[PDB]
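Below is one structure, written out as structure tokens; comments come after it.
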Amino acid sequence: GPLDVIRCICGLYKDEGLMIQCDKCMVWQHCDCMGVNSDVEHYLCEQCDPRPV
Amino acid sequence: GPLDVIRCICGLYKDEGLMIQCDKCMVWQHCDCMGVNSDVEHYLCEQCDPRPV
Amino acid sequence: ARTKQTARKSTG
Amino acid sequence: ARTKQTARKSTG
Ligand SMILES: [Zn+2]
Ligand SMILES: [Zn+2]
Ligand SMILES: [Zn+2]
Ligand SMILES: [Zn+2]
């Protein structure tokens with residue numbers, strides 16, 4: 001909702017599919033765009049933890 | 001810094017120039033991309049307050 | 001980690 | 001509104 005921030009590598013501000021929250025900065029990202037699923041124990045976005053995606 | 005979220009309409013995750021924070025969702029945006037400056041009393045981003053930019 | 005799926009398909 | 005400019009150019 002309004003208080004939740006979507007900031008995925010795709011740059012599309014849309015709530016779609018399985019989404020995952022960065023543990024530190026709290027943005028939401030699409031699991032499919034980031035290559036993860038709900039099985040990971042912890043998650044950081046690509047700005048908090050720079051890496052190829 | 002790492003705890004500050006940049007989410008501008010330009011989609012570039014870069015700390016450059018005068019930047020302004022959304023009063024509600026707390027993202028930072030480039031004043032030049034959004035058409036504002038430090039003179040405004042309050043500010044909402046384009047997702048909190050959708051509008052042509 | 002915290003996940004969500006707002007419009008998830010249900011079998012019900 | 002809260003604003004910032006991290007690398008602002010100065011006269012000094
Ligand atoms: Zn995405
Ligand atoms: Zn993050
Ligand atoms: Zn911008
Ligand atoms: Zn906002």
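Simple scheme: letters A, B, ... for chains in structure tokens order, numbers from 1 for residues in each chain, numbers from 1 for ligands in the order shown.
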
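The chain A residues that come within 12 Å of chain B are residues 1, 2, 3, 4, 5, 6, 7, 8, 9, 10, 11, 12, 13, 14, 22, 23, 24, 25, 26, 27, 28, 44, 45, 46, 47, 48, 49 and 50 of chain A, with only C-alpha atoms taken into account.
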
Near chain D, which residues of chain B fall within 6 Å when you count only C-alpha atoms, and what do they look like as a PDB file with N, CA, C and O atoms, in the first residue's frame?
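Just written: selection35.pdb:
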```pdb
ATOM      1  N   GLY B  17      22.882  16.384  -6.756  1.00  0.00           N
ATOM      2  CA  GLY B  17      22.136  17.621  -6.778  1.00  0.00           C
ATOM      3  C   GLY B  17      21.264  17.780  -5.546  1.00  0.00           C
ATOM      4  O   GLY B  17      21.357  17.044  -4.560  1.00  0.00           O
ATOM      5  N   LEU B  18      20.390  18.776  -5.629  1.00  0.00           N
ATOM      6  CA  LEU B  18      19.377  18.973  -4.606  1.00  0.00           C
ATOM      7  C   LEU B  18      18.343  17.858  -4.680  1.00  0.00           C
ATOM      8  O   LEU B  18      17.745  17.600  -5.731  1.00  0.00           O
ATOM      9  N   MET B  19      18.114  17.217  -3.553  1.00  0.00           N
ATOM     10  CA  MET B  19      17.190  16.106  -3.480  1.00  0.00           C
ATOM     11  C   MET B  19      16.190  16.415  -2.377  1.00  0.00           C
ATOM     12  O   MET B  19      16.491  17.155  -1.432  1.00  0.00           O
ATOM     13  N   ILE B  20      14.991  15.860  -2.511  1.00  0.00           N
ATOM     14  CA  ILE B  20      13.867  16.177  -1.635  1.00  0.00           C
ATOM     15  C   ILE B  20      13.218  14.871  -1.197  1.00  0.00           C
ATOM     16  O   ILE B  20      13.158  13.910  -1.971  1.00  0.00           O
ATOM     17  N   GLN B  21      12.753  14.833   0.043  1.00  0.00           N
ATOM     18  CA  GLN B  21      12.198  13.624   0.634  1.00  0.00           C
ATOM     19  C   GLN B  21      10.675  13.678   0.642  1.00  0.00           C
ATOM     20  O   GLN B  21      10.079  14.707   0.984  1.00  0.00           O
ATOM     21  N   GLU B  41       6.791  23.967   0.899  1.00  0.00           N
ATOM     22  CA  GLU B  41       6.567  23.677   2.314  1.00  0.00           C
ATOM     23  C   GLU B  41       6.481  22.180   2.573  1.00  0.00           C
ATOM     24  O   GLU B  41       7.070  21.671   3.534  1.00  0.00           O
ATOM     25  N   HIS B  42       5.721  21.471   1.751  1.00  0.00           N
ATOM     26  CA  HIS B  42       5.541  20.037   1.897  1.00  0.00           C
ATOM     27  C   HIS B  42       5.781  19.378   0.546  1.00  0.00           C
ATOM     28  O   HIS B  42       5.666  20.013  -0.506  1.00  0.00           O
ATOM     29  N   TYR B  43       6.124  18.090   0.574  1.00  0.00           N
ATOM     30  CA  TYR B  43       6.386  17.367  -0.661  1.00  0.00           C
ATOM     31  C   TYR B  43       5.880  15.935  -0.567  1.00  0.00           C
ATOM     32  O   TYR B  43       6.131  15.248   0.430  1.00  0.00           O
TER      33      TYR B  43
END
```

Inset, instruction - Identify, with DSSP run on backbone atoms, the residues in range 1-50 of chain B assigned to alpha helix (DSSP H), and express the list as a list in words. - result: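 These are the residues in question: residues 31, 32, 33 and 34 of chain B.
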
Emit the selected residues as a compact mmCIF listing (two decimals), in the first residue's frame, including C-alpha atoms.
```
# COMPACT_ATOMS: atom_id res chain seq x y z
CA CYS B 31 14.36 18.13 -7.36
CA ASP B 32 15.23 18.69 -11.03
CA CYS B 33 13.53 15.46 -12.14
CA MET B 34 10.41 16.33 -10.16
```

Legend entry - Separation of CA of residue 40 in chain A from CA of residue 16 in chain A, in Å and rounded to one decimal: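 The value is 19.1 Å.
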
Inset, instruction - Record the distance separating CA of residue 51 in chain A and CA of residue 30 in chain A, expressed in Å with one decimal. - result: 16.1 Å

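As for CA of residue 37 in chain B and CA of residue 15 in chain B, they are spaced 15.7 Å apart.
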